[PDB]
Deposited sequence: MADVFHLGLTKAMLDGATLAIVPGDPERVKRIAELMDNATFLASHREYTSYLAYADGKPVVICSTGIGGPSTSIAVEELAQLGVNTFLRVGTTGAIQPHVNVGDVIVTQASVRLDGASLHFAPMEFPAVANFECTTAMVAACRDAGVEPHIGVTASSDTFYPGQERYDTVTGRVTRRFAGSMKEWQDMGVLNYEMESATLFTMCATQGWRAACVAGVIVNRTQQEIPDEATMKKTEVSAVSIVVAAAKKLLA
């Protein structure tokens, strides 16, 4: 290993400069296999990595785990190995009535309901995706005949209280987050997830490109496509 967590060496990446970063270690192989010559690199903790080839060029695929702290480790260590572009593919719950189950959201920027983003910039800095990569994701969507919801995502350090879920052992939500779902809804926020605010703030401040695409699993008011889009998006950027 040349990096402490991932178990990777710069040579293992074969000059890859772009990473696809799902949350789940168990989804990394299946993403890798949509491209050419997929090969297992390593597995440690929540970090499962593969290499594969998109229209000739190496792409590393590596899981992040759930949440900003585990994401910030993967992104830093990948970047130590020469990665400069991070495409997140994921799952999400929608909070707008017009965002249907099975739909696709491309996150342009995020509400910072996380703590790791503050380890890169004070809260005034916007958690904003790279314009070129977001453009690539949108065009990959439309190629698939899917018009994506493009907008703001609430990115939370918790799955329960910070997404204002009451279906828990205590049934309690702290004052800060009580009433919060309706607040984001009113402001046009599309969905909740748990990594984009760290991912975006850290890449913007450090000089790397990031974007995020997600298939909607649930809608709080009432996913092959997503992986196929992110691979299409990667090939656009590498072309």
item: Segments lacking C-alpha coordinates (deposited sequence numbering, starting at 1); value: 1, 224-235
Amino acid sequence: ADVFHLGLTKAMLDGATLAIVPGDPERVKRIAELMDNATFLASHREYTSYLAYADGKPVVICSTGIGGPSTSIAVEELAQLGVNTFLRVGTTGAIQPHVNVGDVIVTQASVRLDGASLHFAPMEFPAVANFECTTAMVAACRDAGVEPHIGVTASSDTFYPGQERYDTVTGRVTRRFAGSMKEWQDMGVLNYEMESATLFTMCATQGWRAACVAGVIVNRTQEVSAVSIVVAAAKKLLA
From here on, numbers count along this sequence of modelled residues.
query	finding
Which of 26-34 and 40-48 has higher mean CA B factor, as the PDB entry lists it	26-34
Residue range whose averaged C-alpha B-factor is higher in the record, 194-202 or 51-59	51-59
Highest recorded Cα temperature factor - choice among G151, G102, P122, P161	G102
Per the PDB entry, maximal CA B factor within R142, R112, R88, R165	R142
Entry-reported Cα temperature factor of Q96, expressed as the chain third it lands in	highest
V146 - which third its CA temperature factor falls in, relative to the rest of the chain	highest
CA B-factor ranking of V21, expressed as a third of its chain	lowest
Modelled-residue ranking by C-alpha temperature factor, third containing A178	middle
Within-chain third of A214 by Cα B-factor, per the entry	highest
